[PDB]
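Scroll down for the structure; my scribbles are underneath it.
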Amino acid sequence: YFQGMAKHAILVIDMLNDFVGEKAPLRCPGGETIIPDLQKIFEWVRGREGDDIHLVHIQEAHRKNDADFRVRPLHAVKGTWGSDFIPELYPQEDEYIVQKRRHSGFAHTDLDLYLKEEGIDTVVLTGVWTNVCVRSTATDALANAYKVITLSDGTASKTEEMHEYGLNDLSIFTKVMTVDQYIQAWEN
Amino acid sequence: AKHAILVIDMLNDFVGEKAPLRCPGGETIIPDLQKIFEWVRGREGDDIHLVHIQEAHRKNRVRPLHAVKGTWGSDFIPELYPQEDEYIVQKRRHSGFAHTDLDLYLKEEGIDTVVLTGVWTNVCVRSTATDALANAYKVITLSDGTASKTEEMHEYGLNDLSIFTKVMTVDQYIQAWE
Amino acid sequence: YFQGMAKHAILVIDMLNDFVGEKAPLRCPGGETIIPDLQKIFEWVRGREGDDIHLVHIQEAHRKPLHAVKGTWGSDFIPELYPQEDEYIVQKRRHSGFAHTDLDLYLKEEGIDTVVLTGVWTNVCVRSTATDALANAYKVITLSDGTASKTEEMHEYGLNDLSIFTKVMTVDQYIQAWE
Ligand SMILES: [N+]
Ligand SMILES: [N+]
Ligand SMILES: [N+]
Ligand code: NA
Ligand code: NA
């Protein structure tokens with residue numbers, strides 16, 4: 001996990017205008033709570049010498065569909081504000097961005113390809129919701145022969161109950177650790 | 001309307017008293033699945049297919065946490081054994097879809113809905129369900145057709161599945177085909 | 001193929017500024033020759049009542065050996081064949097329109113059973129898309145005068161390979177079959 005020529009990708013899953021924040025139209029209540037921890041990890045990674053760690057930003061970007069009775073769908077639509085990353089956790093110029101239309105960051109995307117190209121062996125999961133899109137991305141990373149780390153305080157769900165049971169499922173096949181621990185692990 | 005019922009990991013390694021990697025829930029559902037098998041097998045026409053999915057890892061001081069290809073542990077339990085017309089998929093990862101020909105079979109057969117049974121609810125069943133949806137299938141989860149290591153896992157497992165899946169009992173599903 | 005329940009997608013492969021035109025930096029000489037036929041097809045489809053046929057536009061969009069980088073002018077579709085508002089656009093980083101993209105899903109969602117191929121190069125990116133479409137159990141039509149390659153000889157042998165696994169037709173023939 002940490003030694004050797006280990007190369008890691010931190011995936012940030014759906015920290016978007018639609019979902020995150022008190023005023024969010026599609027608000028996931030858990031998300032606001034993880035922002036400072038995420039900011040902290042962003043700063044640390046950006047600070048770091050070299051690139052043994054990559055930040056990858058994943059956004060739900062559903063296709064615009066005019067053939068719908070409601071004024072807006074209950075998901076983030078591509079090209080909109082809601083789809084866009086929150087200013088607090090906005091991507092920086094060199095950072096890869098992935099758009100997805102299904103739960104997993106992998107599904108029908110170029111994430112696996114990015115990961116292969118960059119020689120990445122471990123994915124580390126952050127974002128919302130821990131029990132849905134986060135877990136799905138993890139399952140998929142595992143299925144694609146990546147190692148997986150879930151950051152327990154880097155993830156959140158609609159409810160604290162969901163988050164905890166999500167962590168439980170994640171613990172079965174991923175390594176679960178806090179943000180501080182992950183950082184300390186690299187300090188070695 | 002055409003359906004595929006996916007039966008996931010009802011295998012020697014996993015189900016039964018003497019299974020080495022016992023999932024206790026699996027024994028509980030066997031009668032329900034048996035019901036489903038007979039009903040489908042006896043049904044008129046091919047509106048519903050039975051697809052059997054078996055974990056089959058590669059061989060070879062490693063913790064034996066998975067069913068291995070060609071071993072007894074990998075094989076289906078007799079109670080729920082496949083009949084010759086029924087498609088079988090071996091998988092090396094959690095999902096029935098991952099690195100498999102499952103999607104192609106569903107496309108081939110013009111199946112538009114998948115119905116989920118087997119074990120574990122929150123793991124391999126969930127993963128298969130997520131992939132089906134990702135591939136634009138409609139998804140049904142059979143609540144008394146699925147099980148997990150613990151009842152709590154199953155229960156929260158259903159909770160997640162209910163988010164993007166239609167959850168119903170076995171009788172309701174059969175009943176709904178009338 | 002044109003039978004009643006059929007829904008079709010026409011895939012337009014790589015008709016981009018970098019590739020098409022006398023002065024394109026990565027010119028494929030063939031590409032300029034098919035522009036009028038494709039325009040005829042675009043007009044016809046856009047014209048048609050109903051939703052039996054979709055136009056899907058596919059662009060190479062490599063990330064930052066000369067190739068078309070995403071977000072550049074060169075990567076953009078030529079004006080002659082520019083996408084209209086409701087027409088799906090797929091960006092790719094490898095030869096096939098399928099590979100690491102959301103094309104299959106789009107096709108799945110819309111209930112399309114057949115893909116019809118256009119664009120360049122016949123023997124490279126077009127063929128690969130065609131091969132993947134078949135692999136994903138779509139029927140495939142190739143349009144012989146709706147496709148082109150760097151050289152005529154390449155185009156011809158590409159059509160030959162394509163004839164092995166696809167139904168090859170002219171643009172006019174394809175339009176007629178829907179009438
Ligand atoms: N979508
Ligand atoms: N395996
Ligand atoms: N690329
Ligand atoms: Na999953
Ligand atoms: Na090919």
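We name chains A, B, ... by the order of the sequence lines, and we start the count at 1 in each one. Every heavy atom of this structure was used, including side-chain atoms; hydrogens, water molecules and symmetry mates were not.
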Can you tell me how far the OG atom of A:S136 sits from the CG atom of B:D131, to the nearest 0.5 Å?
8.0 Å

Quick check on the interface: out of A:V132, A:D169, A:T139, who has the most heavy-atom pairs with chain B under 4.5 Å?
A:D169

To the nearest 0.5 Å, what is the distance between CG on A:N144 and NE2 on B:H99?
5.0 Å

About how many Å separate CG of B:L65 and CZ of A:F173, when rounded to the nearest 0.5 Å?
14.5 Å

Heavy-atom distances under 4.5 Å only: say whether B:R92 touches chain A with side chain, backbone, both or neither.
neither

Please name the pair of heavy atoms, one in A:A145 and one in B:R93, separated by the smallest distance, quoted to 0.1 Å.
CB-NH2, 4.4 Å

Say you draw a straight line from CG of A:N131 to CG of B:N122; how long is it, rounded to the nearest 0.5 Å?
12.0 Å

Verify the neighbour count for atom CD of A:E118: are there more than 12 heavy atoms of other residues, nucleotides or ligands below 6.0 Å?
yes

B:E108 CD: over 12 foreign heavy atoms closer than 6.0 Å
yes

Can you tell me how far apart CD (B:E155) and OH (A:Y165) are? Round to the nearest 0.5 Å.
9.5 Å

Provide the closest heavy-atom pair for B:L133 versus A:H103 in the form atom of the first, atom of the second, distance.
CD1-CE1, 4.1 Å

More than 12 non-hydrogen atoms from neighbouring residues, nucleotides or ligands closer than 6.0 Å to NZ on A:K116, yes or no?
no

